[PDB]
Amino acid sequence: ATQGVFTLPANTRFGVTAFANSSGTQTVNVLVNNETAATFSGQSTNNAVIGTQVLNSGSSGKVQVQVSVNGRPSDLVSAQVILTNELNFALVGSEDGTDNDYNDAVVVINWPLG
């Protein structure tokens, strides 16, 4: 199934943060309405924040996270969880190799902000 695609409420500010846990340099692309809105790049094996940003979901609300290592797309796992009908997390994991720990780039999207 498709992973890393989320429908946010339109015209809403949201946070996106990426962590790295891999010897491979992680490239995280955040697409809003099918157009690239942010790009994070970095290497860490100790969960370092490789990028954090505030974005707007625009009129479509469609947010897509893509992860590539060595120009090859990582395998993604994702879900969205809502707490007290109000607090939203869109969660992405990714695997760039064979050990299947799926933490190589971890991406957290959260809203609302402010």
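Numbering starts at 1 and runs along the sequence shown.
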- Message: Mean Cα B factor from the PDB record: higher for 30-38, or higher for 75-83?
- Response: 30-38
- Message: Per the record, averaged over C-alpha atoms, which has the higher B-factor: 85-93 or 55-63?
- Response: 55-63
- Chain thirds by Cα B factor, record data; residue 22 belongs to the middle
- Where does residue 49 sit by CA temperature factor within its chain: lowest, middle or highest third? lowest
